[PDB]
């Protein structure tokens, strides 16, 4: 068979895009979006109806332009999620405003608002994953949300400290980026070419995977952000993997069966004491890569949120 079909034996395939065409082509279990993908999705001509629906609904909720821009941008994200849910049997990941990444209370509020919008469309909490950046504040937000029945996808995870803190908060899922870790090592280091096994992102996810299974953590590990299929194949065995359409296409067109790389065959060991904020900040900041990338990811997603608000504002 082809690589994609072979991968499904060990790993749950998730599509990373806001485009419904890829859902029809690759039949993933779940789908994920982020502010950059939602902004890109808004440029697709077929999605014009969704934008008009967002704007029309916003104007019916209030006569205040400020609230209208926020209501329409949230609704558009939810609308794109609604279309995807019609084609996937699993969950959809929708991300909260990145500008709230360092605000626990604002993140809880925004997450509940997106959930309310989905609930308004008849969709229940078991089909949604609220996406939050893995800062200490987002993690503390997620821990509280999980207790309230809202499942979260802790994204932009780069350091081991983030992985440990997320697991201890009892979050549903974490999204360790693989490709962005490679980007950093390509830019800030001597070595520009890495073999799949020596790829920093792969090594990072593998280490996180083993740590989670070793201590019996129920938190799902979903590798995200890929630059090539080599990284995907080397992670065959990971709980789930969110892959972009271009690489999903490469897997489907490449023949040959693949072997499982990620496994933990031993017994569950005792969990250590919970990491504190001070220890988290110390450990996270020891990692130069994670320092740059966590901050940078939040910035880019914020710019894309503003760019969406700009677009929506011109239509009111």
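Positions refer to the first chain, counted from 1.
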Which is higher in the entry, the mean Cα B factor of 9-17 or that of 303-311?
303-311
On mean Cα temperature factor in this entry, is 205-213 or 95-103 the higher one?
205-213
Candidate set 33, 285, 60, 276 [ranked by C-alpha B-factor, highest]:
60
Out of 131, 180, 164, 192, which shows the largest CA B-factor listed in the entry?
192
Just say lowest, middle or highest third for the CA B-factor of residue 227 relative to the other modelled residues in its chain.
middle
In terms of the chain's CA B-factor thirds, is residue 173 lowest, middle or highest?
lowest
Residue 196 - which third its CA temperature factor falls in, relative to the rest of the chain
highest
How does residue 145 rank on Cα B-factor within its chain, lowest, middle or highest third?
lowest
Is residue 135 in the lowest, middle or highest third of its chain when residues are ranked by C-alpha B-factor?
lowest
